[PDB]
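The residues making up each chain are set out below.
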Amino acid sequence: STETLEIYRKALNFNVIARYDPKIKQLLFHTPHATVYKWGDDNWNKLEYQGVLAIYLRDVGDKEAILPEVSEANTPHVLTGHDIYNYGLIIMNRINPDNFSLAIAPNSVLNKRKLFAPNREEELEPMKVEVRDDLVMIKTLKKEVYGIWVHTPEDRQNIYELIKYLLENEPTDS
Amino acid sequence: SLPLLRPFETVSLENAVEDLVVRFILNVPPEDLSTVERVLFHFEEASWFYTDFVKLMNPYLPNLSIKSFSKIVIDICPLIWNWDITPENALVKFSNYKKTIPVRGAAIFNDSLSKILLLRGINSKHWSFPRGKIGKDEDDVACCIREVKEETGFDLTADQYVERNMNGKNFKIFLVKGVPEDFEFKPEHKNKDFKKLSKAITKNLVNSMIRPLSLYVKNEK
């Protein structure tokens, strides 16, 4: 049964996340214990997001689709505009009902966008990642600088190299 | 940052369980799945998240005790329960080997909904709901009004509770809205604004049930 379990894990995770972000296509990576830290006060602040980490592929998709609406420097900057973001990051929370998210779109599509159709709904600065002080440093599209923790140093590079592949490469189908 | 919706407040109990499964039970290292004592704690953990958030977001959902909620996870996702014994039978022999002190109290609210009733002890410089120890073969609602008679002196008079285990003590604080704010309460035994409490806890037992208590506030209005 030990393998019949991991295939049920891909099923349950997927259609549980589909109810949160309705635009998943392919669940690419899942880790069981992540924690988010934010940078701003020249030091790390333990944010209230702790649970399973997941990186998926988004169905982008039906061009002209709305990024719909859910309900000072501490609050995140919700993405508003067209559904153009190619992959997703999600920490399925255990603290409170609202989960954690990061839209991960390649710089390959951003430079393709920002020059051809300069109708930017929201200012988007390309993403970058690194391995520093037992955390995965993530620079978001809306300048926000987050950091995600996982006990294993293997897992920390695992999520880094993937996040790095996603942004440095062109939209794929694995 | 990415705008994900709120599906808990609109989905089936079957689905709500599924979610909580992904949340607390299914995404865990094998160790926390091959051992009975461990998953019985993750059920403990998700039943509280259900009672303190899921039940409060979607009101069509029924109030579930760790007794029945486990029976429900076992039916919808029977892949996690491998062993032969029933959860009811197991979470008594194994999890409750961790012998808990059931403490019955209540989160008292006003008719206008703006203030909460918390008291400070003689020795303790900490604010909490009227909290005291239980007895033998007495309903959790009868021990609730009796402890609020011993520590404040006002019986109010069921399914609207807020369960949580804190260092070997099963706190099951009930929710009662509608008690006079002008009335004078005094201890019958020998020996604050909600607006003011939201801003105070944000700076990093009542210190843990802030968000479920905010959900009771967001809802009634």
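Placed above this text is the structure.
Residues numbered from 1 in each chain as written, not as in the entry; some residues may be left out. Chains lettered and ligands numbered in written order. Heavy atoms only, no water. Residues with missing side-chain atoms left out of burial classes, pairs and counts.

Undergrad: Which residues make up the overall build of chain B, and what values go with them?
TA: Looking only at helices and strands, one finds eight helices and eight strands in chain B. Dimensions of chain B, computed from the C-alpha atoms along their principal axes, are close to 55 × 45 × 35 Å. Taken over 221 residues, chain B has a buried fraction of 45%. When the accessible surface of chain B is summed, it comes to about 12,200 Å², and 53% of that surface belongs to carbon and sulfur atoms. Separation between the mean location of the 32 positive side-chain charges and that of the 30 negative ones in chain B comes to 8 Å. (Helix = DSSP H or I, 4+ residues; strand = E, 2+ residues; numbered from the N terminus. Buried < 20%, exposed > 50% of the residue type's maximum accessible area, 1.4 Å probe, protein only. Areas by Shrake-Rupley, 256 points an atom, 1.4 Å probe, with all protein chains shown as cover. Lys, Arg positive; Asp, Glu negative; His and termini not counted. Charge placed at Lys NZ, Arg CZ, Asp CG, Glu CD.)

Undergrad: Can you tell me about the nonpolar core, naming the residues and giving the values?
TA: Ranked by size, the top nonpolar core spans 83 residues in total, and within it A:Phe100, A:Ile148 and B:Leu20 carry the most contacts. Apart from the residues within four sequence positions on either side, B:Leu20 is in contact with B:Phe8, B:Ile25, B:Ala46, B:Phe49, B:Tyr50, B:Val54 and B:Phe69. B:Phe129, B:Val162, B:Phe194 and B:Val217 belong to the second largest nonpolar core, which has 19 residues in total. (Core = buried A, V, L, I, M, F, W, Y, C linked by side-chain atoms within 4.5 Å. Contact = heavy atoms within 4.5 Å.)

Undergrad: I'd like to hear about the pattern of salt bridges, residue by residue, with values.
TA: Counted according to the given criterion, the structure contains 25 salt bridges over all chains. Between A:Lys128 and A:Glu168 there is a salt bridge, with the nearest N and O atoms lying 3.2 Å from each other. Of this pair, A:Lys128 sits in strand β7 (residues 128–132) while A:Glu168 sits in helix α3 (residues 153–168), and the two are 40 residues apart along the sequence. Counted as one network, the salt bridges with shared partners bring together A:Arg19, B:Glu18, B:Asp19 and B:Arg23. (Salt bridge = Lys/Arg side-chain N within 4 Å of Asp/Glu carboxyl O.)

Undergrad: Tell me about unusual backbone geometry, residues and numbers included.
TA: The omega angle of the peptide bond from A:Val60 to A:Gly61 is 0°, so this bond is cis rather than trans. In this structure, A:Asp134 is a non-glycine residue whose phi angle is positive, near 55°. Of note, A:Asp134 is situated in the loop between β7 and β8 (135–139). Assessed through its relative accessible area of 46%, A:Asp134 is described here as partly exposed. Residue B:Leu113 is not a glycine yet carries a positive backbone phi of 60°.

Undergrad: Give me the lowdown on the pairing of strand β6 (residues 100–104) of chain A, citing residues and values where you can.
TA: Residues and elements named next belong to chain A. By the criterion of burial, β6 is predominantly enclosed, with five of the five residues buried. Alternating positions in β6 separate into two faces, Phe 100, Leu 102 and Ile 104 on one and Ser 101 and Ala 103 on the other, with burial throughout. Looking at chain direction, strand β5 (residues 87–93) and β6 are connected through five bridges and run antiparallel. Each bridged residue has a counterpart across the sheet, and for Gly 88 the counterpart in β6 is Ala 103. Hairpin remark: β5 followed by β6, antiparallel, with six residues in the connecting loop. (Pairing = 2+ DSSP bridges.)

Undergrad: Describe the environment of B:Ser34, with residues and values.
TA: All names here are of chain B. Position of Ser 34 among the secondary structure elements: in helix α2 (residues 31–34). Taking the C-alpha atoms as reference points, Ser 34 and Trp 83, separated by 49 residues in sequence, lie 9.4 Å from one another. Separated by 3.4 Å, the side chain of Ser 34 and the backbone oxygen of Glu 31 make a polar contact. (Polar contact = N/O pair within 3.5 Å; in protein donor to acceptor, adjacent residues only side chain to side chain.)

Such coordinate-based values are descriptive only and should not be taken to indicate function.
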